[PDB]
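Participant: Residue numbers (the entry's author numbering), protein chains in the order written: chain C, 7 to 363; chain A, 7 to 363; chain B, 7 to 363.
C-beta: ideal position from N, C-alpha, C; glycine also.
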Amino acid sequence: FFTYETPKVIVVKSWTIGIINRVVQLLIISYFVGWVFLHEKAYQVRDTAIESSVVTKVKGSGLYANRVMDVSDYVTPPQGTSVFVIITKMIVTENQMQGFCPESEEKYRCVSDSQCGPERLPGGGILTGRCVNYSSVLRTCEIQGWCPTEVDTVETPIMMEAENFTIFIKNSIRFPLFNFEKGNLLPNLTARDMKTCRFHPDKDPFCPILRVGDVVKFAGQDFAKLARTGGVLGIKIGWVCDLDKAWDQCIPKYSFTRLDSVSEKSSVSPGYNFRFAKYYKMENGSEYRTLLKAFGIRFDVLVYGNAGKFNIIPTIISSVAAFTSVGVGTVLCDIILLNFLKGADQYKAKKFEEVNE
Amino acid sequence: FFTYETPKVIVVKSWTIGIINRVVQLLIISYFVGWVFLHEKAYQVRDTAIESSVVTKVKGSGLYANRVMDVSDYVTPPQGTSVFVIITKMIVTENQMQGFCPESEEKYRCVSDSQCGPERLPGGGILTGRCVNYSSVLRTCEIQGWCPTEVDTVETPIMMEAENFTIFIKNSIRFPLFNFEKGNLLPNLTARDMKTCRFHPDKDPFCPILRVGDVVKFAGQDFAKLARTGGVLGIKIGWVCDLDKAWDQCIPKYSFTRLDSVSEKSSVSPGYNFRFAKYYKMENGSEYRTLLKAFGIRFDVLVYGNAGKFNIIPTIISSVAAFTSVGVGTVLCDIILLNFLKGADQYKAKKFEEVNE
Amino acid sequence: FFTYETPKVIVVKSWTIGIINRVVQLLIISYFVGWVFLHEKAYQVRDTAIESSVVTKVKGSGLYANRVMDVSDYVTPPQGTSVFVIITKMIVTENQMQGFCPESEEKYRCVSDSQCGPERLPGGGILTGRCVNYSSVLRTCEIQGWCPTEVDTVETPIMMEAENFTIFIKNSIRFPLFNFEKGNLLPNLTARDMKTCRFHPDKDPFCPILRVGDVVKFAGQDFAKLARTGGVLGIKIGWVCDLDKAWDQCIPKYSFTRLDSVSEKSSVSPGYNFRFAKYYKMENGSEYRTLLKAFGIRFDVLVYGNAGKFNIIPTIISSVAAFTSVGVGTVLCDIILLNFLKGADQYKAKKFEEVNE
Ligand SMILES: Nc1ncnc2c1ncn2[C@@H]1O[C@H](COP(=O)(O)OP(=O)(O)OP(=O)(O)O)[C@@H](O)[C@H]1O
Ligand SMILES: Nc1ncnc2c1ncn2[C@@H]1O[C@H](COP(=O)(O)OP(=O)(O)OP(=O)(O)O)[C@@H](O)[C@H]1O
Ligand SMILES: Nc1ncnc2c1ncn2[C@@H]1O[C@H](COP(=O)(O)OP(=O)(O)OP(=O)(O)O)[C@@H](O)[C@H]1O
Ligand SMILES: OC[C@H]1O[C@H](O[C@H]2[C@H](O)[C@@H](O)[C@@H](O)O[C@@H]2CO)[C@H](O)[C@@H](O)[C@@H]1O
Ligand SMILES: OC[C@H]1O[C@H](O[C@H]2[C@H](O)[C@@H](O)[C@@H](O)O[C@@H]2CO)[C@H](O)[C@@H](O)[C@@H]1O
Ligand SMILES: OC[C@H]1O[C@H](O[C@H]2[C@H](O)[C@@H](O)[C@@H](O)O[C@@H]2CO)[C@H](O)[C@@H](O)[C@@H]1O
Ligand SMILES: OC[C@H]1O[C@H](O[C@H]2[C@H](O)[C@@H](O)[C@@H](O)O[C@@H]2CO)[C@H](O)[C@@H](O)[C@@H]1O
Ligand SMILES: OC[C@H]1O[C@H](O[C@H]2[C@H](O)[C@@H](O)[C@@H](O)O[C@@H]2CO)[C@H](O)[C@@H](O)[C@@H]1O
Ligand SMILES: OC[C@H]1O[C@H](O[C@H]2[C@H](O)[C@@H](O)[C@@H](O)O[C@@H]2CO)[C@H](O)[C@@H](O)[C@@H]1O
Ligand SMILES: *[C@@H]1O[C@H](CO)[C@@H](O)[C@H](O)[C@H]1NC(C)=O
Ligand SMILES: *[C@@H]1O[C@H](CO)[C@@H](O)[C@H](O)[C@H]1NC(C)=O
Ligand SMILES: *[C@@H]1O[C@H](CO)[C@@H](O)[C@H](O)[C@H]1NC(C)=O
Ligand SMILES: *[C@@H]1O[C@H](CO)[C@@H](O)[C@H](O)[C@H]1NC(C)=O
Ligand SMILES: *[C@@H]1O[C@H](CO)[C@@H](O)[C@H](O)[C@H]1NC(C)=O
Ligand SMILES: *[C@@H]1O[C@H](CO)[C@@H](O)[C@H](O)[C@H]1NC(C)=O
Ligand SMILES: *[C@@H]1O[C@H](CO)[C@@H](O)[C@H](O)[C@H]1NC(C)=O
Ligand SMILES: *[C@@H]1O[C@H](CO)[C@@H](O)[C@H](O)[C@H]1NC(C)=O
Ligand SMILES: [Ca+2]
Ligand SMILES: [Ca+2]
Ligand SMILES: [Ca+2]
């Protein structure tokens with residue numbers, strides 16, 4: 007039987023419960039309108055799956071170890087991806103060749119060939135088992151491998167000029183949910199600007215050229231100390247864009263931070279370095295290498311975003327949930343009505359028809 | 007007191023509101039079955055935390071600068087991860103040595119040693135302060151650094167053979183939520199296939215070997231132009247899997263796009279190039295290097311996914327939300343019934359027991 | 007008119023339906039406290055958008071090709087990022103020069119110059135078009151390019167010592183929504199610890215030093231085979247932290263996996279290798295190179311996390327959803343009461359005030 011049910015309903019008309027209920031309903035409606043609808047923008051579809059493309063190029067020349075270093079010297083790796091290192095300090099061990107020689111760390115002091123056993127395996131090469139004089143004052147165990155051993159201990163200068171190097175970032179982003187593409191280079195960017203522009207969060211925040219020194223500052227770091235220990239900075243690019251607004255309002259927000267934080271909270275491992283070697287060999291077959299311990303700033307360009315564009319389906323479901331939520335005030339209004347007019351017995355009786363068996 | 011409450015209810019039996027309510031219920035149920043259940047597949051749990059692995063290897067040989075280039079010559083970096091560059095064009099500066107020489111861009115034209123001060127510090131090397139004859143017609147400032155300076159400007163040919171190179175991808179994906187692992191190399195991949203296979207959207211869509219020219223075509227690019235300016239292409243690998251279906255129906259979908267989008271939309275920064283150097287030294291200790299300004303196509307293999315497998319809890323909560331939603335027709339049924347039969351007063355009186363105090 | 011509506015309600019008092027409904031309500035409340043509140047911890051805000059930075063440094067020395075290899079030889083690339091390779095096996099093709107020579111894979115068998123045409127376009131250098139003796143028994147096609155050609159096929163040893171190398175990880179993580187930073191190096195780590203500590207999932211899970219052999223074991227991989235074939239293992243670092251709990255309880259979880267899973271289930275692509283060359287050139291201008299086909303284990307240090315901390319708004323809306331959901335038992339209690347008490351007619355009559363017209 008095609009029959010429509012609906013509840014029998016009391017309809018109190020107290021001025022008190024009337025105004026207090028209407029106020030609770032106003033609060034529910036205004037909360038839903040201002041927060042869930044305007045602020046949390048539930049009337050639109052969101053895309054968080056952003057597609058990004060980063061190309062980098064470092065520029066500047068510097069003095070180090072009586073050489074002029076350009077980008078090809080101090081940038082590692084070279085292909086201009088979203089992570090690169092600018093080397094600020096180098097510990098060179100020139101012309102290592104495969105052979106025999108003693109370690110240089112005091113960690114390996116010896117007087118007898120018997121002390122040189124399978125105890126201290128890492129580092130350099132493999133122990134020959136002998137104990138040999140490294141200097142007039144010290145004897146250490148002898149090893150086979152790249153000779154001479156590097157000294158990890160005496161401090162070298164840092165490349166101050168690196169502070170005035172420039173990082174050019176070229177970022178392309180695409181929101182597929184809205185098939186919307188844009189990049190951090192606006193069409194009114196000129197060659198002349200590129201030649202002279204200066205990124206600053208306030209003074210010029212759209213300039214693709216970033217002074218290393220500026221970035222180090224924005225992250226609150228002392229170039230002098232960071233360049234000595236090495237470390238990692240993040241240049242974050244955020245694209246939070248409401249596509250319901252104007253196309254030219256989808257704009258890049260740059261942020262600057264140091265990522266290897268644990269390092270400062272550590273006296274044991276204070277920075278970021280790595281070791282690699284330049285490989286040569288003579289007209290004789292013999293090979294030799296230049297070993298560099300490289301200290302520098304790693305830069306991660308970090309691109310995130312999320313975009314919203316209005317759609318009818320989310321709006322519809324949000325308004326339906328809104329209407330279904332206007333009802334929830336009834337329980338509080340029940341409590342007020344049934345316990346705050348002295349004649350509560352009247353209302354409990356009016357509303358509740360007891361039964362028993 | 008162990009008491010069960012339930013409201014007093016009108017139970018109208020008008021044929022009109024009866025059938026209109028039953029039809030509204032049929033529509034709510036059919037939306038929930040067709041949309042929320044079949045389409046949006048709400049009966050299963052979804053996992054997007056996919057685990058992926060990309061291993062790459064390039065093949066091909068070409069003529070450039072009267073040499074045969076193999077992969078080790080044109081692929082950078084070499085380790086065959088999900089991002090790599092295939093170099094298509096090169097502007098070379100042979101045998102740079104550390105020294106003194108004049109700059110070569112007209113950007114540094116001078117007549118006086120006084121123009122060459124500490125003002126235009128980046129690029130090439132460091133100004134020595136003199137102004138030097140660069141050619142019989144031109145004077146530019148002298149610098150200390152890698153000499154001679156690179157000439158940026160004469161356009162060089164591209165490596166046409168690069169079009170016919172092959173990119174081999176090896177992708178492993180794993181869904182931890184369902185402990186389901188699979189890769190883009192289907193168990194029916196044979197050696198003979200590998201020897202001749204052919205990625206093609208139609209003819210061989212599971213061939214792990216992709217022609218560069220193909221991929222460039224697929225991104226809607228002209229190899230000539232891309233090989234001239236450089237760029238970044240994305241090879242996307244999708245694992246959209248309905249695990250309720252067959253294990254052998256979990257299949258990879260290849261899709262092709264150019265990620266450095268801003269570049270064609272820009273007159274200032276039109277492609278992708280980078281600079282790196284081959285470091286040598288004479289039998290004498292003397293160092294010399296080959297400076298390469300490298301133009302090429304960047305490929306990043308992009309693996310995303312989501313799989314769903316049925317679970318009981320999503321079905322339970324969706325059916326619970328269904329029943330809690332079946333009522334929602336009542337507000338519309340109320341307005342129609344309670345305001346469109348002229349004798350609406352009957353229903354108001356039967357339903358509404360007014361009160362006053 | 008500020009008027010409050012509310013439904014009229016039956017109020018059964020049967021002991022039976024009283025306890026059965028009260029039990030259903032107890033079960034809903036206990037589930038909501040135990041599941042949605044204790045387990046799924048809905049009283050707190052979650053952030054998964056963790057920012058992470060990894061720096062690695064590999065250590066150990068080993069014998070390969072009758073040389074001692076240190077980190078600068080076998081780790082690639084060298085900058086100490088979240089992905090690196092420890093090379094375990096090498097197939098070297100020494101002193102290659104650009105020239106003419108026949109191929110060395112049997113894939114290029116020939117007897118006549120007519121077989122070597124533009125027919126088999128890929129691979130090696132360019133076919134010179136002639137057919138030349140490769141061996142006393144076999145003839146292959148001649149190519150222009152780096153000579154002699156590499157033979158991929160003769161089996162070489164592995165660097166057994168690689169098993170005993172050590173990977174040092176330094177991970178910095180940041181939950182930005184709660185602006186909480188920490189690292190995997192706890193402040194009570196000493197130099198002495200670093201010198202001798204030993205990572206173990208149970209005994210010392212905070213030692214940042216992981217023996218490669220251990221990592222290979224933990225991923226359920228056999229060093230000998232992984233080192234022969236090459237492969238990819240994942241080192242995942244998880245930060246599951248309840249900030250409501252103790253601060254020194256935000257702790258990293260190590261997990262070990264092989265990511266290139268497709269490799270073992272496949273007869274086509276069994277490991278991980280790549281090729282690169284050491285570049286030299288004579289005192290004559292002419293270049294010659296050492297070609298290495300490099301086999302090793304790739305390492306991805308994989309950092310995920312999510313933190314939850316109590317907030318009032320999630321607690322409020324969960325308690326609200328709890329109370330609004332407690333009602334749902336009424337439908338089942340209706341069916342039970344109105345059809346399983348013999349006096350169902352009493353309640354049908356009490357509750358339902360029919361209408362007809
Ligand atoms: N770090 C940087 N500092 C200043 N300008 C830069 C930097 N990187 C790139 N540019 C400039 O931005 C413009 C576009 O960069 P791009 O490298 O794509 O062009 P290019 O002609 O290859 O550059 P270049 O010839 O200067 O190496 C160029 O004019 C270049 O001079
Ligand atoms: N793979 C490893 N195995 C054991 N200890 C290591 C390893 N890597 C680093 N350490 C220890 O932790 C310390 C911090 O390393 P970091 O690279 O930050 O600086 P470093 O002193 O130049 O390293 P090293 O002296 O090993 O070259 C190191 O000095 C070293 O003693
Ligand atoms: N870019 C490519 N084009 C064509 N074939 C490829 C390519 N990459 C790999 N292959 C083939 O796929 C197989 C899997 O590659 P894998 O590197 O695992 O083996 P491999 O022995 O090192 O290959 P090869 O030595 O022949 O390059 C190889 O036998 C190789 O022939
Ligand atoms: O998911 C958490 C929630 O946080 C933010 O909301 C804040 C709000 O910004 C503040 O004004 C504060 O007073 O109230 C909220 C605390 O929960 C975001 O605005 C919101 O989008 C985000 O979801
Ligand atoms: O592109 C025009 C655009 O108009 C509408 O945009 C509105 C939007 O609804 C509001 O949120 C506001 O912030 O911006 C506009 C009104 O000033 C719609 O987004 C859409 O129909 C259309 O694309
Ligand atoms: O809630 C957003 C919604 O977006 C998409 O829904 C599509 C639907 O799939 C199309 O068939 C179209 O006709 O209607 C909607 C308009 O976007 C997603 O399919 C879905 O996952 C998501 O719920
Ligand atoms: O193939 C065995 C498989 O059977 C079941 O899968 C069903 C699935 O649940 C249904 O949605 C239906 O549409 O397709 C499948 C039948 O092919 C279960 O998943 C399980 O028993 C098992 O995995
Ligand atoms: O169902 C997805 C679910 O997985 C986990 O929940 C578990 C729960 O932890 C166990 O106690 C079990 O008995 O019930 C569920 C079945 O897996 C996750 O904890 C949870 O986040 C997720 O929703
Ligand atoms: O200690 C400050 C911290 O207190 C709160 O954490 C509580 C938590 O809610 C309780 O469940 C209890 O078990 O642990 C803590 C009490 O010591 C909040 O997390 C937060 O307001 C505050 O930071
Ligand atoms: C940066 O350049 C300015 C002007 O060329 C100079 O005064 C300053 O010393 C430079 N910074 C460093 C760290 O050398
Ligand atoms: C280019 O136009 C945009 C659009 O509003 C504007 O923000 C910007 O200032 C313009 N470019 C420059 C260099 O001022
Ligand atoms: C190779 O010749 C050089 C001299 O140019 C010499 O230093 C080196 O010791 C020779 N190699 C061997 C193994 O003797
Ligand atoms: C690419 O290969 C096709 C056939 O495989 C050939 O016709 C074409 O000439 C090749 N392109 C180049 C630049 O060699
Ligand atoms: C391999 O299997 C896929 C589906 O799993 C099928 O489409 C394809 O035809 C198969 N290839 C061969 C050579 O049978
Ligand atoms: C690795 O070290 C262990 C114990 O220190 C030793 O037993 C084993 O022989 C070593 N293996 C190699 C290849 O050096
Ligand atoms: C350092 O503290 C952590 C946690 O507070 C603890 O697990 C570890 O045992 C401590 N270190 C030592 C050397 O005991
Ligand atoms: C360069 O010199 C080497 C020997 O030093 C010789 O083998 C080679 O053929 C020469 N080539 C040219 C082009 O001079
Ligand atoms: Ca040391
Ligand atoms: Ca230029
Ligand atoms: Ca081969």
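1. Exposed or buried, what is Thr82(B) when buried is set at 16 or more other beta-carbons lying within 10 Å of its beta-carbon?
2. Distance, Cα to Cα, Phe280(C) vs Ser269(C)?
3. Give the range of the beta strand (DSSP E) segment to which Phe329(A) is assigned.
4. Just checking: is the beta-carbon of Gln352(C) within a distance shorter than 9 angstroms of some beta-carbon in chain A?
5. Since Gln102(A) sits in a beta bridge, which residues does DSSP pair it with?
6. Is the separation between the beta-carbon of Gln50(C) and that of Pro320(C) shorter than 9 angstroms?
7. When the cut-off is 9 angstroms and only beta carbons count, does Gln85(A) lie next to chain B?
8. Please list, in chain order, the residues of the stretch 22-44 of chain B that have any C-beta partner in chain A closer than 7 angstroms.
9. Is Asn290(C) near ligand 17, in the sense that its beta carbon is under 8 angstroms from a heavy atom of that ligand?
10. In the DSSP assignment, what are the bridge partners of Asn177(A)?
11. Do you know how far the Cα of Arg204(B) is from the Cα of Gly219(B)?
12. Which residues of the stretch 118-149 of chain A have a Cβ closer than 9 angstroms to any Cβ of chain C? Give them in chain order.
13. Could you tell me whether the Cβ of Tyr294(C) comes closer than 9 angstroms to any Cβ of chain B?
14. As a quick exercise: from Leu127(A), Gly123(A), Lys259(A), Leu232(A), pick the residue whose alpha carbon is nearest that of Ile241(A).
15. Apart from the five residues just before and just after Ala225(C), which ones in its own chain have a Cβ nearer than 6 angstroms to its Cβ?
16. Roughly how many whole angstroms lie between the Cα atoms of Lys63(C) and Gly86(C)?
17. Taking 8 angstroms as the line, does the beta carbon of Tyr80(B) fall inside it for any heavy atom of ligand 2?
18. Can you tell me whether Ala230(C) is helix, strand or coil according to DSSP?
19. Can you find the residues in the same chain that come closer than 6 angstroms, C-beta to C-beta, to residue 4(C), ignoring five residues on each side of it along the sequence?
20. Restricting to runs no shorter than 4 residues, where is the alpha helix (DSSP H) found entirely within the stretch 15-89 of chain B?
21. Determine the extent of the alpha helix (DSSP H) in which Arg126(C) is found, giving its start and end residues.
22. For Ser325(C) and chain A, any beta-carbon pair shorter than 9 angstroms?
23. What residue from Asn317(B), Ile322(B), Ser331(B), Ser324(B) has the CA that sits closest to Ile323(A)'s CA?
24. Measuring only the C-alpha atoms, how far is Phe301(B) from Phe282(C)?
25. Nearest by alpha-carbon distance to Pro214(A): which of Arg198(A), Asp228(A), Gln227(A) is it?
26. Just checking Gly131(C) against ligand 18 - is the residue's beta carbon closer than 8 angstroms to any of the ligand's heavy atoms?
27. On a CA-only basis, which of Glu360(C), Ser273(C), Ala233(C), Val307(C) is nearest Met96(C)? Give me that one, please.
28. So, helix, strand or coil for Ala313(B), using DSSP?
29. Under the rule that 16 or more other beta-carbon atoms within 10 Å means buried, what is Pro108(B), buried or exposed?
30. From this set, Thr336(B), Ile149(B), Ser120(B), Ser141(B), which residue's C-alpha is nearest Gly131(B)'s C-alpha?
31. How big is the Cα-Cα spacing for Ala313(A) and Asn177(A)?
Facilitator: So, from the listed chains and residues:
1. buried
2. Distance between the alpha carbons of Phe280(C) and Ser269(C): 15 angstroms.
3. That residue, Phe329(A), is in no beta strand (DSSP E); its alpha helix (DSSP H) goes 318-332.
4. A Cβ of chain A is located within less than 9 angstroms of the beta carbon of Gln352(C).
5. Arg295(A)
6. yes
7. Closer than 9 angstroms to some Cβ of chain B, the Cβ of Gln85(A) qualifies, so yes.
8. Listed in sequence order: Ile23, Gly24, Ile25, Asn27, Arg28.
9. no
10. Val60(A)
11. Cα to Cα, the separation comes out at about 12 angstroms.
12. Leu127, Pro128, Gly129, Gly130, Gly131, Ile132, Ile149
13. no
14. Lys259(A)
15. Closer than 6 angstroms at Cβ, skipping near neighbours: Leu239, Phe262, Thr263, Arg264.
16. Rounded to whole angstroms, the gap between the alpha carbons of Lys63(C) and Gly86(C) is 6 angstroms.
17. no
18. helix
19. For residue 4(C) there is no data in the structure shown, the boundaries of chain C being 7 and 363.
20. The qualifying runs are 21-37, 77-80.
21. For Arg126(C), there is no enclosing alpha helix (DSSP H), as DSSP gives it neither H nor E.
22. Against chain A, the CB of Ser325(C) has no partner CB under 9 angstroms away; the residue lies outside that interface.
23. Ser331(B)
24. 19 angstroms
25. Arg198(A)
26. no
27. Measuring from the Cα of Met96(C), the nearest candidate turns out to be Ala233(C).
28. strand
29. buried
30. Selection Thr336(B), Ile149(B), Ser120(B), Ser141(B) evaluated against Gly131(B) yields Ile149(B) as nearest (Cα-Cα).
31. Taking the straight line from one Cα to the other gives about 17 angstroms.
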